[PDB]
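*Asks:* The structure is given below, and queries will be raised subsequently.
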Amino acid sequence: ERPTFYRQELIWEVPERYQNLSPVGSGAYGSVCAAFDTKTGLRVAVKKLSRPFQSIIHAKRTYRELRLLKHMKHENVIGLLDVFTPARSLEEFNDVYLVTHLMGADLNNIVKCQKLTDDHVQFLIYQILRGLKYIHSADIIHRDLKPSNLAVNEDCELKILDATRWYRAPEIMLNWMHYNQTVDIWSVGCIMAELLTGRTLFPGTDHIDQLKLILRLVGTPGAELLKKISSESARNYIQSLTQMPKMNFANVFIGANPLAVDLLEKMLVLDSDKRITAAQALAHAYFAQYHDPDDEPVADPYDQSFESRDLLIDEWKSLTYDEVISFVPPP
Ligand SMILES: C[C@@H]1CN(Cc2ccc(F)cc2)[C@@H](C)CN1C(=O)c1cc2c(C(=O)C(=O)N(C)C)cn(C)c2cc1Cl
Ligand SMILES: CCCCCCCCO[C@@H]1O[C@H](CO)[C@@H](O)[C@H](O)[C@H]1O
């Protein structure tokens, strides 16, 4: 049958299994409380979606978020321990709560603007890439990978969730579309660089500065890249710049493990088609001590056809309700 609920003001209405509700992040992740799950003995985070069925777009967003989190089942990706509503029917259904592991910190919190050891960077980047492989295998592109979106606990176990512009692929900065999954690989390279050196790779002051700093490291586009640019305004502007050569990453990241440097060379290539994939990165010798080709799992096909659909509020709501009811908690 149905769990007993209680009501509290932080008027959250949750099952009794969740105790010690305490607001976290204040606003950054929405309305989220840390809590203790008495059923599992785990510290959890409970998110109450805001106004989930106020509008078609709210409704579609609610459905999108629930679908995604229900699909993501991987050690290095945030997924769902639980989903619940106080509603006992569809006509009653107005609130949606998601539950996941309370990791307790994000990457910023672990680095502290300091140098990590090479071994530690291997472990952290390995986890990010393991998680990314899974995500990309579901035909998902993250698009905003950054330290604040990488959750970590005290044992630096890491899960991918979900300052601002510093990790973004340059094609994203320039509103390219046709985006490759390797946009996320660019983001990994920027993160890795920072963990090794203790400094932001491209700390741009604004958008244009950010692209200037990128180009100074990885050079101006070669002919092979320029032949794939269909916008003549973009093409013509690029060529009018002073040519710069790629910097030698070996001089830039001096002291670094040469295999770390080699991996950075392969991630931080301007041409997204020439960037290493997550699967390929995991097989790179940098991660010899953690790589296991038989425990780098991939995802079930992920049907995102709903994105192209224009439905009514009550349709998105009923579909969301269906997903709440069909949820099966992880073993
Ligand atoms: C992934 C979980 C769940 N939570 C949101 C969430 C996502 C999906 C879901 F189903 C339920 C909740 C994230 C916002 C943060 N989160 C954390 O573990 C977390 C938790 C914290 C955190 C705190 O816990 C905190 O405020 N203190 C005082 C320890 C401080 N920071 C910087 C944090 C960063 C993260 Cl990523
Ligand atoms: C002015 C700064 C130059 C930025 C060049 C970004 C090149 C990224 O690379 C491009 O990514 C596209 C997908 O996003 C692909 O369709 C292209 O084939 C690929 O070359």
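Laboratory data are not the source of any read-out in this text; all were calculated from the coordinates shown. Because the Cβ atoms are built from the backbone with ideal geometry, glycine has one as well, and the counts that use them run over all protein chains shown.
*Asks:* In the stretch 3-56, how does Rg compare with the Kirkwood Rh, expressed as the Rg/Rh ratio over alpha carbon atoms?
*Replies:* 1.00
*Asks:* To the nearest 20 debye, what is the magnitude of the charge dipole of the chain about its Cα centre, counting +1 on the Cβ of each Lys and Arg and -1 on the Cβ of each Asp and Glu?
*Replies:* Value, rounded to 20: 860 debye.
*Asks:* OK, next. If we count every other residue with Cβ under 13 angstrom of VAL121's Cβ, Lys/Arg +1 and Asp/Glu -1, where does the sum land?
*Replies:* That sum, taken over residues with Cβ under 13 Å, equals -2.
*Asks:* Further question: Rounded if a/c is under 1.5, else prolate if a/b is larger than b/c, else oblate: which is the stretch 190-331, with a ≥ b ≥ c the root eigenvalues of its Cα gyration tensor?
*Replies:* Oblate, since a/c reaches 1.5 and b/c is not below a/b.
*Asks:* Here's a follow-up. Could you tell me which of the pairs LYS60/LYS317; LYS133/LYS228; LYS47/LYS159 are separated by over 19 angstrom between their Cα atoms in the structure shown?
*Replies:* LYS133/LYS228
*Asks:* How large is the Rg to Rh ratio of the stretch 12-104 when both quantities use alpha carbon positions and Rh follows Kirkwood?
*Replies:* Radius of gyration over Kirkwood radius for the stretch 12-104 works out to 0.95.
*Asks:* Continuing with this model, one more query. Across 20 Å bins from the origin, how do the percents of Cα pairs in the chain run, short distances first?
*Replies:* Pair shares across the bins are 28, 53, 18, 1.
*Asks:* Right, another one. Let me check I've understood the local charge: for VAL44, count other residues with C-beta under 12 angstrom from its C-beta, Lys and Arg +1, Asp and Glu -1. What total comes out?
*Replies:* +2
*Asks:* Starting from the exponent 0.38 and prefactor 2.2 Å, build the expected Rg for the stretch 120-240 from its residue count and divide its actual Cα Rg by it.
*Replies:* 1.14
*Asks:* Right, next: Using bins 10 angstrom wide from zero, how does P(r) for the stretch 162-227 break down, in % of all Cα pairs?
*Replies:* Histogramming the stretch 162-227 at 10 Å steps yields 19, 55, 24, 2 percent.
*Asks:* Could you check the simple spin-label distance between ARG88 and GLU75, using points 7 Å along Cα→Cβ, in nm with one decimal?
*Replies:* With each label placed 7 Å out from Cα toward Cβ, I get 4.2 nm.
*Asks:* Here is a follow-up. What whole number of Å gives the distance from the Cα centroid of the stretch 79-109 to the Cα centroid of the stretch 225-242?
*Replies:* 46
*Asks:* Let me ask you something else. Are there trypsin sites (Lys or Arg not before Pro) in the stretch 244-324 that DSSP puts in a loop and that have at most 12 other Cβ atoms within 10 Å, and which ones?
*Replies:* Sites meeting the loop and neighbour criteria: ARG309.
*Asks:* Ok, one more. If you average the C-alpha positions of the stretch 30-74 and of the stretch 131-210 separately, how far apart do those two centres end up, in angstrom?
*Replies:* Here the answer is 23 Å between Cα centres.
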